[PDB]
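I'd like to ask some things about the structure below.
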2 protein chains.
Amino acid sequence: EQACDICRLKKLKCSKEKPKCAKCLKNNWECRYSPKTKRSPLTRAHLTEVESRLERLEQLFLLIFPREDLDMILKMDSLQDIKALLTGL
Amino acid sequence: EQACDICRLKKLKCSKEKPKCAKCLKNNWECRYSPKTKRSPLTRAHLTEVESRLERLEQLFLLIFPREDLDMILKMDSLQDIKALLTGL
DNA sequence: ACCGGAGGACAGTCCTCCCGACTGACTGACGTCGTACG
DNA sequence: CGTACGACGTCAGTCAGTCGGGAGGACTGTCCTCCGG
Ligand SMILES: [Zn+2]
Ligand SMILES: [Zn+2]
Ligand SMILES: [Zn+2]
Ligand SMILES: [Zn+2]
């Protein structure tokens, strides 16, 4: 089943043979089969672990700071910004 | 297709007839077909939105509580109590 | 009766991969200028 | 001097190649019902 890295990236049929394969072989490229990427399980128990801890950190957050701040953090991607937020106390 | 509240809790086969079904007519029972109860979507995109929020709060709380059992706190249910606690900031 | 879990239709993932559109390059054709000849 | 021919340059059109939206579909895991112990 698994297509080689390059065929994946390019989205063309892979011959998939061993070691290399038609277009990496032909075209002159180093053909690889990368490991599947580890992702979190998409189960319902796990979505619920995570929604319900996020909820409880939100509940605790609100005893400490205003709701308007909740909404800012819940969007920040930068670690300086998450820290500065906290520094304006 | 939908089974009745009761056949649902008792786990027996439901006749499904409306308004009152098999048993619920028999045992002269309060027969409800309660509406289809919502869950949040199990999709990858939504698992991931929620995991990004949780990470950001998780990070914000590493700085509020650099010292431990945040989990102790996360389990409490009382608002006064939690706030009595935190005022040991 | 009661309820753990089998059974199965279904929701949605998460792969590989075919196909269409868009961009770039190459070739051809036309037009304009310059030179040569009358 | 004037006209004609050739050569070069520029523009347009067509073809090919590549990134991309996403169809196809096996599969993971859900989430019902209700069997039978
Ligand atoms: Zn390949
Ligand atoms: Zn390859
Ligand atoms: Zn019923
Ligand atoms: Zn009923």
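One-based numbering along the chain as shown.
Positions of Cβ are set from backbone N, Cα and C atoms, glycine also.
Pasting the feature list from Swiss-Prot:
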type	residues	note
DNA_BIND	B:4-31	DNA-binding region
BINDING	B:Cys4, B:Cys7, B:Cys14, B:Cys21	Zn(2+) 1 binding site
BINDING	B:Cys4, B:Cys21, B:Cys24, B:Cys31	Zn(2+) 2 binding site
Within 10 Å of the Cβ of B:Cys24 (Zn(2+) 2 binding site), how many other Cβ atoms can be counted across all chains shown?
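For B:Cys24 (Zn(2+) 2 binding site), the 10 Å Cβ neighbour count is 20.
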I want to check the contact list for B:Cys14 (Zn(2+) 1 binding site): same chain, sequence separation of six or more, C-beta distance under 8 angstroms. What comes out?
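When sequence neighbours closer than 6 are ignored, B:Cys14 (Zn(2+) 1 binding site) has B:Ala3, B:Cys4, B:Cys7, B:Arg8, B:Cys21, B:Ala22 within Cβ distance under 8 Å.
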Suppose we draw a 10 Å sphere around the Cβ of B:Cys7 (Zn(2+) 1 binding site). How many other Cβ atoms does it contain, all chains included?
20
How do the residues of the DNA-binding region (B:4-31) split into helix, strand and coil according to DSSP?
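Computed counts for the DNA-binding region (B:4-31) are 12 helix, 0 strand, 16 coil.
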Hey, for the Zn(2+) 2 site built from B:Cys4, B:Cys21, B:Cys24, B:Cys31, who else sits with CB inside 8 A of the CB center?
B:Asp5, B:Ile6, B:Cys7, B:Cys14, B:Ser15, B:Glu17, B:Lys20, B:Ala22, B:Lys23, B:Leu25, B:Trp29, B:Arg32, B:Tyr33
Excluding near sequence neighbours, so keeping only residues 6 or more apart in the same chain, what lies with its CB under 8 A of B:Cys31 (Zn(2+) 2 binding site)?
B:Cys4, B:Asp5, B:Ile6, B:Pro19, B:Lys20, B:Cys21, B:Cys24, B:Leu25
By a simple count, how many Cβ atoms lie within 10 Å of the Cβ of B:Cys4 (Zn(2+) 1 binding site), its own Cβ left out?
25
Neighbour count, 10 Å Cβ-Cβ cut-off, for B:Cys21 (Zn(2+) 1 binding site): what number do you get?
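So the Cβ neighbour count for B:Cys21 (Zn(2+) 1 binding site) comes to 20.
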